[PDB]
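Report on the structure given below.
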Amino acid sequence: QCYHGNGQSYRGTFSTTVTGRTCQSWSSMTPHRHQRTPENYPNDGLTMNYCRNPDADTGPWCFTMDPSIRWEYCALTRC
Ligand SMILES: O=C(O)CCC1CCNCC1
């Protein structure tokens, strides 16, 4: 599955990182405490634990459910 451009506007349901880790939900502070929440960023599609690029990175990403890995890019290709 692919994303367009830098993935900022990707709104798909992929939730797996490039190392096979599972994305943390954006609204959750567990395991990673963060500020990129749908409450703060209501228009970036920060739904469940779906891969997103709300901060002008270069591809969709997420905080990971591994407490030792803050975040990773998602295992998506560029369209
Ligand atoms: O630690 C955080 O809150 C975010 C770290 C990076 C998330 C991926 N894009 C660059 C910043």
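What you see below is based on every heavy atom in this structure, not just the backbone, and it leaves out hydrogens, waters and symmetry mates. As the structure lists them, so they are numbered: ligands from 1, and atoms in each ligand from 1. Numbering of residues begins at 1 and proceeds along the displayed sequence.
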Seminar exercise, completed: atom 4 (C) of ligand 1 sits nearest the protein heavy atom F63 CE2, 4.0 Å
Problem set entry | Nearest-option assignment for atom 2 (C) of ligand 1, heavy atoms, candidates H34, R70, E72, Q35 | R70
Exercise. Is a donor on one side and an acceptor on the other found under 3.5 Å between the side chain of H34 and the backbone of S27?
Worked result: no
Problem set entry | Pairwise side-chain contact, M65 with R21, heavy-atom cut-off 4.5 Å (strictly under) | no
Exercise. So between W61, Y73, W71, whose heavy atom ends up nearest atom 5 (C) of ligand 1?
Worked result: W71
For this session: Using a strict 4.0 Å cut-off to heavy atoms of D55, name the atoms of ligand 1 that fall inside it.
Result: 7 (C), 8 (C), 9 (N), 10 (C), 11 (C)
For this session: Verify the neighbour count for atom CE of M48: are there more than 12 heavy atoms of other residues, nucleotides or ligands below 6.0 Å?
Result: no
For this session: Indicate yes or no: at least one non-hydrogen side-chain atom of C74 is less than 4.5 angstrom from one of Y50.
Result: no
Exercise. Cation over ring, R36 on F63, under 6.0 Å and within 45°?
Worked result: no
For this session: Name the closest protein heavy atom to atom 9 (N) of ligand 1, giving the residue it belongs to and the distance to 0.1 Å.
Result: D57 OD2, 2.7 Å
